[PDB]
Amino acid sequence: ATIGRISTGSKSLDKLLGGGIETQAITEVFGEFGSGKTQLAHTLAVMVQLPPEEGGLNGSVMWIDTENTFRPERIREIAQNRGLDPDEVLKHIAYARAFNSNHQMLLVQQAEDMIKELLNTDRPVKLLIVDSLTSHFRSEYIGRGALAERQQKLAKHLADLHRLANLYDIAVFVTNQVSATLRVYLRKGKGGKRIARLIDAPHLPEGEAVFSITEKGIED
């Protein structure tokens, strides 16, 4: 399938990314607390539900939450400020809490069932979020005796995610803190604005985009 793109809500950020986040890819967004990475996650979970002319892919969402950062009220707000129905938007976000790293990996494995179910419907899964990719791994695998297994498990996890992205034409979006992935680093700019920097993209130039966080989520 042709690669599809989901608008981030920000024209600047979309430009940096070549149009938006890609299906058949993992986009990995790094940032410190308050950087905007989870806000971007929330915005994408709304945008993807729009038609292409509006920057979406008429898709459903699956959201794996490792540290209780998903806010249904923020989804409703973003939806409403974008002229959407907050109840319908929330209904098309399948939510799963991951309690630990094993469970997180299991949830990605299990997600394929729902992806298959929705695949040839009016609302196929088009966005799979893992927020965050590494919190459990960092918490559980401490020190050098643990690094080998941590890296192995994480590698397997990323491979499972790539497979779903490629096989089912889904944009995978994961958050992290400091191929395989398209890496974007968020930082604080001036006057409350945020800055995204794209690094080490094989086929997009490095660059920066300045964006805002508003009642619409992310936008210029």
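Start at 1 and count along the sequence shown; that's the residue number.
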> Is residue 203 missing in a third or more of the other PDB entries that were compared?
Replying inline: yes
>> How big is the unmodelled gap, if any, between residue 178 and residue 179 relative to the deposited sequence? Choose none, 1 to 3, 4 to 9, or 10 or more.
In response: 10 or more
> Do the CA atoms of 42 to 50 or those of 149 to 157 have the higher mean B-factor in the entry?
Replying inline: 149 to 157
> 93 to 101 versus 137 to 145: which one carries the higher mean Cα B factor per the record?
Replying inline: 137 to 145
>> Quick check for you: using the entry's CA B-factors within this chain, is residue 118 in the lowest, middle or highest third?
In response: middle
> Going by the entry, which third of its chain does the Cα temperature factor of residue 58 land in?
Replying inline: middle
> Hey, what third does residue 82 fall into on Cα B-factor, ranked over its chain?
Replying inline: highest
>> When the deposited Cα B-factors of this chain's modelled residues are ordered and cut into thirds, is residue 35 in the lowest, the middle or the highest one?
In response: highest
> Ranked by Cα temperature factor within the chain, is residue 6 in the lowest third, the middle third or the highest third?
Replying inline: lowest
